[PDB]
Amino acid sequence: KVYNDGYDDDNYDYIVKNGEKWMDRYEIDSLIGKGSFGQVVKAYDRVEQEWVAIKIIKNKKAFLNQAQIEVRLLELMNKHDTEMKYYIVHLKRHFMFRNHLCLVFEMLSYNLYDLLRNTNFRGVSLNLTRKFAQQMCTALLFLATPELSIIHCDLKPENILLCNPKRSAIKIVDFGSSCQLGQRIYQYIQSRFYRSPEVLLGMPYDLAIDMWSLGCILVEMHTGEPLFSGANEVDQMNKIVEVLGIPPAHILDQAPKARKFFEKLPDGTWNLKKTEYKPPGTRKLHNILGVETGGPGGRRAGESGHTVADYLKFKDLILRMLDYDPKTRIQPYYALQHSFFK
C-alpha cells in the first residue's frame, strides 16, 4: 500500500504536509488549489523572502508533458512581458521535487469568482468591471503579439486573480490548456459557460474565442450570474440564441455540428431544433443588464457612473465581444479604443 516511496497517493498527487521544508528553501503552508494537473500549495521562499504559490503537478507523463507546455508558454510570455505590465502571472522558476514538476508562481489573492460569491452572486460595480475589462483587453492584446499568438482556451472568473486584495490589479493564471495558434487539433475546448459558438459549432478557432469568453465574464461580473449557464451544449447554444438570435447562415452553412442545434429547412434558412426558451434574440442584454432600470435588479440606481449612457457604452462593447462571426468580433486593440474605457 505504497506509491513513490510513500510520497504520492493513488491519484498521483503529492501528500501536502504543513510546515514541510523543501530543498532548504520553501516552507509549505497549506493546500489552496486542486485540479487535473495536480495540486497548488501556498509556501514561503527563504531565498527571495516572500510568499509564493507552488503548482505541484501529478507524477505521470500525461500531466507532466502538459505542464512543460504550460512552462514553455509561461516563459515565452515572461520574455516579452519583461516589465510586468500585461497582467500575465509570473512564472518565477520551476524544478523537479521527488518526481513532481513544480511551478513557482507569484502569490496572488482571491479570484473573480470569489468576489461573486462574496456578493451573493449580485455582481460588482460597472466601475470595477471597467477596470477588469480594460486590464483583460490589454492581456488579450499582449497574447495577440504575433510571436506569442497565445489562446488561453479556458478564461473564466476563477482563472482571473487579483494581485492584492485591497487593489483591483488582476493577473490571469492557468495556461495548462492554453492553445498556441495552430490547426484544429482539439474540439471540446473552453469551460462550457464561456464556450464560443465556433467551438460549439465545431468550426475552426483562433484568439477570438478568448474575447467571447471575456464578454461573458464581464457581464457575469456586473450581474453576478453567468450570462449563459447551460446544462449542456444544446442548452448552452439555446441560451446564446435567445439573447443574440440565430447565428448567420454563412456561419452555419460551414458548421459541421450545426445539426446538433439547428434545422436546415427546405427554404435554406436556419431555425432551432425542438426540445422552455424564449424566441431568438428576445432576452436582450439591454434588459438583462438593466440599462434603463437602474442596473441588475435595480440595485445600481443612483450610483455614480451607472447612468443610461454608461450602460449603453458597456452594452455596445459586450455586443461586439459576443459577435457570432469570429472575423468581425472586436479585437483587443479596437476594444480598448471604445467609449466605455474613455
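The numbering used is simple: start at 1 and walk along the sequence shown. The term rigid core refers to the maximal set of C-alpha atoms that superpose within 1.5 Å between the two forms.
Of the two stretches examined, 92 to 100 and 247 to 255, the one with higher mean CA deviation in 9 other deposited structures of this protein after a rigid core fit is 92 to 100. Superposing each structure in 9 other deposited structures of this protein on the rigid core shows that the farther-lying of 73 to 81 and 237 to 245, by root-mean-square Cα distance, is 73 to 81. The modelled chain breaks after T275 and resumes at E276, leaving 4 to 9 residues of the deposited sequence without coordinates.
Across the two stretches, 234 to 242 and 180 to 188, the PDB entry reports the greater mean Cα temperature factor for 180 to 188.
Checked against the record, the higher mean CA B factor of 4 to 12 and 331 to 339 lies with 4 to 12.
The entry assigns its greatest Cα B factor, within the set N127, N120, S149, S196, to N120.
Per the PDB record, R167 has a higher Cα B-factor than any other of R72, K131, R167, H94. Residue-level temperature factors show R299 in the highest third of its chain, judged at the C-alpha atom.
Annotation for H222: CA B-factor lies in the lowest third of the chain's modelled residues.
When all modelled residues of the chain are sorted by CA temperature factor, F63 is found within the highest third.
Ranked by C-alpha B-factor against the other modelled residues of its chain, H90 falls in the lowest third. Ranked against the other modelled residues of its chain, the C-alpha B-factor of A43 as given in the entry falls in the middle third.
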